[PDB]
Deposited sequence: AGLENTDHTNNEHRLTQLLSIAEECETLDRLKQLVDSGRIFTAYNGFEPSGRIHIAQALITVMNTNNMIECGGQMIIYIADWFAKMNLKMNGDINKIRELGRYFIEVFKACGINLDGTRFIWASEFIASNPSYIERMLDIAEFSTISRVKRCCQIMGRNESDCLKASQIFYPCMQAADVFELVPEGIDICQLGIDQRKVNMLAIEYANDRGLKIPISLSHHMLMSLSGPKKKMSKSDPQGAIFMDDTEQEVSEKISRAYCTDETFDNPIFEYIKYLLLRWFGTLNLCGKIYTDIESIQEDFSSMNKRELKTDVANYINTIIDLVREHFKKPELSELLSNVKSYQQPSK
């Protein structure tokens, strides 16, 4: 039954999973397994990315796994982020790492790998890219970005990563990796994808466009968080409601217990039932207070004198 719990846990983080079957076998085998997540450093880190990465990582470990955090600095450069400056990209990568630390990521079962350094040390990684690109091309016969990332799950570790833990918006990549693995008789990577937090501006709004307002960043001050929550789209229904989304995907999971509008909640079911009748101004006040408590971990972490250099550089890049 212990393997049943471990299984329900790992599945609690995902909105989608490539065959629960394959995941069930891995959990049942009872053997140490590996999972990974990657990101391209950028000017600022969304609260969603920071918290979800930390919760998922800490969960993998507790469930008997090892986590690999892939810092795709090389790819960020290739995608011209930070106008291609690798030194700025790397500082940003370190900033992200420090944010994960401040938030409690479990370093005992977590390893950080940098793309630029990994690529220079493992030619097979690039070879894997070529082979996947060949598979893809020949397939469509009857863009490389996908093939390049698809190689990650097979090369980050000798036997190949067991679980690819990414956002649901990365679906196409892990699907290719699975197609490829089957056509090459390799171990099939297990996909564990999480929900993509919606914009605070509402369903009619996009994302990353006018993003400053549409999302909370780990560098936002207390006043900025409160103002972004005040402006956020919010109706009396839970569907397409960013306030309900932040509560469900971030706050309840992070804190376990929430005191909302004078009532204590320990499960999303009860919050959903009372949602329509909650005074929304009071709810927003509580939501912003809980969010600010989380970000305070980062604010306090970066007060350490040893991180002043990092902090100053990050701010200058028109970032935190």
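Residues of the deposited sequence lacking C-alpha coordinates, numbered from 1, fall in the stretches 1-8, 151-168, 347-348.
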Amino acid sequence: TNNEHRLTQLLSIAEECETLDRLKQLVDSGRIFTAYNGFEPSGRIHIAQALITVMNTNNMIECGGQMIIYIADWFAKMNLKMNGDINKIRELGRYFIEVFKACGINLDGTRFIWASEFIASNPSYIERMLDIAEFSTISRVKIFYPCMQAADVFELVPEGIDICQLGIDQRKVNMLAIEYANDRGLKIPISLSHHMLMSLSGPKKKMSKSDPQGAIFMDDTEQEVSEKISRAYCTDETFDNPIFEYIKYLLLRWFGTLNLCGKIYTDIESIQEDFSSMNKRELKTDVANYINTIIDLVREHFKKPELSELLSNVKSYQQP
From here on, numbers count along this sequence of modelled residues.
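Averaged over their C-alpha atoms, the temperature factors of 292-300 and 5-13 are higher for 5-13. For the segment pair 175-183 and 119-127, the entry gives 175-183 the higher mean B-factor, averaged over Cα atoms. The entry lists C-alpha B-factors for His195, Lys206, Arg90, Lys77, and the highest of these is at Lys206. Highest CA B-factor among the listed residues (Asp28, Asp267, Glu282, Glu40): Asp28. The entry lists a Cα temperature factor for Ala35 that places it in the middle third of the chain's modelled residues. In the PDB entry, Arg231 places in the lowest third of its chain by CA B-factor.
Annotation for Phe154: C-alpha temperature factor in the middle third relative to the rest of the modelled chain, per the entry.
When all modelled residues of the chain are sorted by CA temperature factor, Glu62 is found within the highest third. Among the modelled residues of the chain, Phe144 sits in the highest third by CA temperature factor in this PDB entry.
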